[PDB]
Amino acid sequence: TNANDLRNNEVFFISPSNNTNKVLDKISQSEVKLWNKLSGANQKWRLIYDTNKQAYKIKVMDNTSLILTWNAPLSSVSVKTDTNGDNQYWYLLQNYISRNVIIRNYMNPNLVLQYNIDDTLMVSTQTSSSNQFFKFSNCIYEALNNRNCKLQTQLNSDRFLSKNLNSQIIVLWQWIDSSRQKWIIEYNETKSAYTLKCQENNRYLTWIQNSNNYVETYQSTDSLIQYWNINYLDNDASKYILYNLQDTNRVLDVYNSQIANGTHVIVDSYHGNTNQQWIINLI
């Protein structure tokens, strides 16, 4: 899959090449360590690419906003407040075939991140050892791909993304355990984004472009209107934003932030307020 590619603004588990059950873990307000995967937010890392430097910040997703930092001139690493230090940027270069990634410090690119036998991390000069090779796995793909899900608006604990009765229009509705409210989320390799298929009619969540900007169930199409970048909120891994590929500044949104049964779901310009935030759970 291309779902684990090192895209800007995606959130990852970062694992040692020699153990797919371990991940980079923020264990305290300063310390990182390899730990058994628990899929907690302190084990999830957002990539923020800096085009000028051709290097990335690596930000923990537990709400603290701290970033992976080389404690120059020492050999240690930590999570620290972002002060835009050169020591807080990292080249992420990948071997296309092995999929291994070398995490190389921007301030001193002679130094790469290394994991030790005792699960600690440090920077070191480069060898040929797999103790400097990491794998990156996209968290959302690991969790939701090919899964039957429900999508709750953050506006109300009992309002869900639902196909309306006898209509293609998608609206909010309280949970009634209907196939109209169950969505199979499937990653599409060609578009590098997701479709969401309504269980009741096997048709897909699609932006219908006109002045109303409603989402509807629609037949399969190659058009970008049917494809969605599903992401966590910028600094909250418990909630999701769904950006439409036809215009990625526009997102799945609840009309006028209303909560009544029947309220239109639409695609509108991003602001990040609660009417654009969704709670995705596995059925």
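From 1 onward, residues are counted along the sequence shown.
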Quick one: higher average CA temperature factor, 67-75 or 130-138?
67-75
Stretch exceeding the other in mean C-alpha B-factor - 6-14, 264-272:
264-272
Among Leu161, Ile176, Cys198, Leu155, highest Cα B-factor in the entry goes to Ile176
So among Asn235, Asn229, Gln219, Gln226, who wins on Cα B-factor in the entry?
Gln219
What third of the chain does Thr81 rank in for C-alpha temperature factor, lowest, middle or highest?
highest
Test of reading the entry: by CA B factor among the chain's modelled residues, which third contains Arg203?
lowest
When the modelled residues of the chain are sorted by Cα temperature factor, does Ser257 land in the lowest, middle or highest third?
middle
So, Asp50's CA B-factor, relative to its chain, sits in which third? The lowest
How does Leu111 rank on Cα B-factor within its chain, lowest, middle or highest third?
highest
